[PDB]
Each structure stands twice: as structure tokens, then as C-alpha cells.
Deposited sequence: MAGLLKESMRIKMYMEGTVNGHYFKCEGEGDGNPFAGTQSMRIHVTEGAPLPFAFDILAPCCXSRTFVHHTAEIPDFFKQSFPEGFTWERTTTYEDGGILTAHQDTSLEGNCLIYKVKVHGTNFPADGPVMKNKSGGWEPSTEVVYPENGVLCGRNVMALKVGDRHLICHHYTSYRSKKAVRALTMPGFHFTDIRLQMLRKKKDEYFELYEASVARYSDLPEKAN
């Protein structure tokens, strides 16, 4: 199989958040079909980070999604060629993060190349003050548009007992020919992003489980 029960992951991330340059490398693994993965991220430049790594966590993998109900798989179908994505995340307190990502394959290794740009995050807000406590689980809305898979999502950043809301606008683009793909219909993807460990705003351990599904409610 071109994709196997176990895949390795190599990630390269670079960017600026409110002017602070940084660079990290991730190494990970996962099960494409069970939709589970982990990743160890080491900040190679700009450490310790003067902001919450939480904002960068969702930049670190849509190949690893368990597809139910025979929902065609835009991401797995795109291999060996791979795919890209481009996201805008707007935080309700002013912050904005934009990211462009290339996903490539090399034998058993998936290669992620990310570039990030963050601005307008408040100086006294939870991200720059580094007082965030991870994400709530989420459900992405996913639908096709002109051969591109579109994503919309509300994510809730834990700030103590409260929540800071951010909004995702994503476009997944295949490197494979649009005609060679079977686009899915409108559906959802549940994502649970967890940070298992963090050390000195420099080393982070992530874990994520994802399932693609239709609504569980009956139709009339």
C-alpha cells in the first residue's frame, strides 16, 4: 500500500507571531486509517517562544482521519502527489494567524512544510501572555467548491475557566488532477487536539484524533 497502517511524519515550521521570528521541527507518527497521530515539536530558533504554542498546534495533518459512512477521502486520494492547505484563523480578541502548508510523501514518511504569519494578538491577551490551556474538541464543516475542499470551524481556546473563540477558514488543494479525484459531499470532521507535554516554551508533545462523518440526527 502507498499508505500503510503506520506512517512517519517530519514537519518543518517557520514564521513570525507579532514580530517574533521562530522555527520548529516536528517528528511524529500515526495511523492514517484509524485517524490517530502524535508529534514531538522542538523549537529550533526563537526559543523560548514569547507566546502560546496553542495557536501553532493546529498547523502541525488531515491525512490522519478515520472516514466513516464511505465518505470519499480527499487527502488519502491525493497521494502519491500530496496536497496543500491554506488557512486564516481570526481570534475574537483581534489576533490573526495565516498559514500555508505543503504535504508531500517520501516512502513511508509524510513531509510537512509550514509557514505561519501572526499579527494583532493583544499584548495583554492570553496568547502573548502565554496563559492558555489548550483547545476544546471541535467539529469542522467540510464541503467541495471548484475542486477545492473547503473547511469552516469554530475552535475554543481554554483560558482558565473561560474561552477565547477563533474561527478557521481553510482551503485544501490537491496536487493530483481534480478529474482524478472523487470529491466528497458536505460532511463534518470531529477533531480533538491535545497537548500531552510542554517544556520551557521550547519542546511540545501533541496528539490528535479525527473522524469524518455525516450528522447523527435523522432526516425527515
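Of the deposited sequence, positions 1-2, 63, 224-225 lack any modelled C-alpha atom.
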